[PDB]
């Protein structure tokens, strides 16, 4: 079960009222909202994009998540982030959700960005800013 140390960058995301579903914990779907929020915050601040903005955007082609221990609004949650592999027009992220002050991830997942030209949605090489920012998150 993944550990804080195995991740390079960390982001706190506040939990919301309706994050809880009928069974009292954060809905399993919400984890992915946390995933792509966490990644794109990093791409925005440390990487250029430009979501309003640029002619290059990231498209999610796959994701997946595993769930180990539940969590609940209003607990304070944070995301570890790391980059696993990094092709030319694509990249693969590893994310995990940590409850504040815990060594053990509550869930952990991966997802894959393909960067494309906005209008054409055809793949492109990753612009240097982003590619360097992305690289900085590699183990």
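Residue numbers count along the first chain shown, from 1.
Participant: Would 67-75 or 42-50 have the larger average of its C-alpha temperature factors, as given in the entry?
Facilitator: Result of the comparison: 42-50.
Participant: 84-92 versus 30-38: which one carries the higher mean Cα B factor per the record?
Facilitator: Per the deposited B-factors, the answer is 84-92.
Participant: Taking only the Cα B-factors deposited for this chain, tell me whether residue 127 sits in the lowest, middle or highest third.
Facilitator: It falls in the top third of the chain.
Participant: Looking at the temperature factor on the CA atom of residue 58, which third of the chain's modelled residues does it land in?
Facilitator: For residue 58, whose C-alpha B-factor we compare with every modelled residue in the chain, the answer is the middle third.
Participant: Should residue 15 be placed in the lowest, middle or highest third of its chain by the C-alpha B factor in the entry?
Facilitator: It falls in the bottom third of the chain.
Participant: Would you please rank residue 25 by its C-alpha temperature factor against the other modelled residues of its chain and give the third it falls in: lowest, middle or highest?
Facilitator: Lowest third, going by the recorded CA B-factors of the chain.
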